[PDB]
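Below: one structure, written as structure tokens.
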Amino acid sequence: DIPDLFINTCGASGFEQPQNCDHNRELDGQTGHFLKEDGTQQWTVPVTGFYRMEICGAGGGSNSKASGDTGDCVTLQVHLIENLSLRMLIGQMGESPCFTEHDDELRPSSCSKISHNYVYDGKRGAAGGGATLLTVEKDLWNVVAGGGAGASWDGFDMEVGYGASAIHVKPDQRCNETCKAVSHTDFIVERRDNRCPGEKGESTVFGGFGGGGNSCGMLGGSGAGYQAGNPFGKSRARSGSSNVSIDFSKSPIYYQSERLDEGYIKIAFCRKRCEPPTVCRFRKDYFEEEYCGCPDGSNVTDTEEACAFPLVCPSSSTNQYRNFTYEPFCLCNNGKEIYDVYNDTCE
Ligand SMILES: *[C@@H]1O[C@H](CO[C@@H]2O[C@@H](C)[C@@H](O)[C@@H](O)[C@@H]2O)[C@@H](O[C@@H]2O[C@H](CO)[C@@H](O[C@H]3O[C@H](CO)[C@@H](O)[C@H](O[C@H]4O[C@H](CO)[C@@H](O)[C@H](O)[C@@H]4O)[C@@H]3O)[C@H](O)[C@H]2NC(C)=O)[C@H](O[C@@H]2O[C@@H](C)[C@@H](O)[C@@H](O)[C@@H]2O)[C@H]1NC(C)=O
Ligand SMILES: *[C@@H]1O[C@H](CO)[C@@H](O[C@@H]2O[C@H](CO)[C@@H](O)[C@H](O)[C@H]2NC(C)=O)[C@H](O)[C@H]1NC(C)=O
Ligand SMILES: *[C@@H]1O[C@H](CO)[C@@H](O[C@@H]2O[C@H](CO)[C@@H](O)[C@H](O)[C@H]2NC(C)=O)[C@H](O)[C@H]1NC(C)=O
Ligand SMILES: *[C@@H]1O[C@H](CO)[C@@H](O[C@@H]2O[C@@H](C)[C@@H](O)[C@@H](O)[C@@H]2O)[C@H](O)[C@H]1NC(C)=O
């Protein structure tokens, strides 16, 4: 009997990754969740069944004039097998323009929401939020939830960076020398990476862990995402996009967070006790309702024998379901998957 999980930032914000979570090393009794040394977080599925996830990117940093943009969220339902390992990056909010008392004088600096040394405000853009990522097989991010752009200040210039992206992005015509110099390439970025070139180096405002865009001027850094926000766009165009690999969830819901916060992943257990062959599944708006039904999602009322395989497989092929979407399909003995038409066969 386990409560819903809330995979969070462990008190970390801004550029610096999490350092201390509940568990930092794996246990064997309730192996559960723990923090890796690269800033990602592992979780071992404890019970085979349907899970409802909410995956939210981090919001943009804020300046004395304006609040950052909220991260992007995706809510999905996915069937998970016990002992499967999920690796995740929880995006963190972008930092803010400040000054620090270095030596006996005040230099421009970047300040996170958990900064102990923030007393003086700066008059420039703030940085973008990091995206929030989930990988099943640790070869690509099956889920990317976009982060929000940072707060812009009053003016305009081209001294601003894109957040990180999963896939290629053709940048905006206004992304020139500086923008290309400071734009992030991957979500996992190191300290010296993408400071503003030259004199504006100290004035760099760092996007949050998860690839939040830096800023070097008045514009807020764009949010990271499947494709990063456009620093030159209007409204949500500045914030990152989200995508879910269709090999992971059939019907994900994408929406904008109602709050300016760090990233996080909510994992909900399906708790309704269900009479076989029906299992617990979610269906209302945003999967907020648990119900008993055929795991493939079909009505039990189709025929006298509930949850019967709805496909007739051909020749050298057996009866299967897809490990995550529970989509009915036909495994061909030569490797080939006929999760396809009446037409298709085993070559
Ligand atoms: C920072 O922006 C500079 C200002 O120019 C921009 O104009 C357009 C393109 C738009 O992006 C705008 O917002 C920018 O302000 C960039 O410099 C300029 O770069 C272009 C190439 O992108 C230069 O191109 C000329 O060169 C010869 C002249 O005869 C032509 O062949 C070119 O025509 C085009 O040819 C093809 C037609 O199908 C196709 O490749 C493009 O449509 C070409 O435009 C073109 O007239 C242009 O002269 C130049 N303008 C000025 C005022 O300097 C600047 O740098 C550039 O950076 C990259 C993209 C490289 O191509 C550089 O060699 C080039 O100098 C850009 N910097 C950065 C880092 O982004
Ligand atoms: C999520 O991913 C899929 C593929 O990774 C995207 O689909 C493509 O969309 C373009 C048109 O917009 C098609 O012409 C391509 O052929 C599609 N590719 C594939 C492989 O199907 C989808 O649009 C992505 N969603 C977002 C919001 O980025
Ligand atoms: C998905 O469903 C299949 C059902 O056959 C599971 O398959 C097995 O996977 C492991 C590989 O780690 C091996 O024991 C065999 O390759 C498979 N077993 C048999 C009896 O064929 C698979 O484990 C399920 N889950 C995942 C996450 O892939
Ligand atoms: C097909 O979908 C549902 C079957 O799961 C039908 O509705 C429900 O059936 C049970 C699972 C039970 O939880 C009911 O309270 C629930 O409403 C649904 O009515 C049917 N669709 C149509 C169009 O008839």
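Just so it is clear, chain A uses Swiss-Prot numbers, and the residues here are 551-897, in order.
Technique stated in the header: X-ray crystallography, 2.6 Å.
From the backbone N, Cα and C atoms, a Cβ is placed for every residue, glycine too.
According to Swiss-Prot:
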type	residues	note
CARBOHYD	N633	N-linked glycosylation site
CARBOHYD	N726	N-linked glycosylation site
CARBOHYD	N793	N-linked glycosylation site
CARBOHYD	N849	N-linked glycosylation site
CARBOHYD	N873	N-linked glycosylation site
CARBOHYD	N893	N-linked glycosylation site
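Projection of Swiss-Prot feature records onto the structure.
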residue: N633; record: N-linked glycosylation site; DSSP (3 states): coil
residue: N726; record: N-linked glycosylation site; DSSP (3 states): coil
residue: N793; record: N-linked glycosylation site; DSSP (3 states): strand
residue: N849; record: N-linked glycosylation site; DSSP (3 states): coil
residue: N873; record: N-linked glycosylation site; DSSP (3 states): coil
residue: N893; record: N-linked glycosylation site; DSSP (3 states): coil
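Ranking the glycosylation sites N793, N873 by C-beta neighbours within 10 Å puts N793 at the top. Ranked by Cβ neighbours within 10 A across all protein chains shown, the glycosylation sites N726, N893 are led by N726. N849 are the glycosylation sites among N726, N793, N849, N873, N893 whose C-beta comes within less than 6 Å of an atom of ligand 4, given in sequence order. Same-chain residues at least 6 positions away in sequence with a Cβ under 8 Å from that of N633 (N-linked glycosylation site) are, in sequence order, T594, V595.
Within the set of glycosylation sites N793, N849, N873, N893, no residue has a CB atom less than 6 Å from any atom of ligand 1. When the glycosylation sites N633, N726, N793, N849, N873, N893 are checked against ligand 2, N793 have a Cβ within less than 6 Å of one of its atoms. In the vicinity of ligand 3, defined as a Cβ distance under 6 Å, the following of the glycosylation sites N633, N726, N849, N873, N893 are placed: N873. Taking the C-alpha atom of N893 (N-linked glycosylation site) as reference, the shortest distance to any of the glycosylation sites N726, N793, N849 belongs to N849. Cβ neighbour count for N849 (N-linked glycosylation site) (all protein chains, 10 Å cutoff from its Cβ): 9. Each residue contributes its Cα atom, and for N726 (N-linked glycosylation site) and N793 (N-linked glycosylation site) these two points are 28 Å apart.
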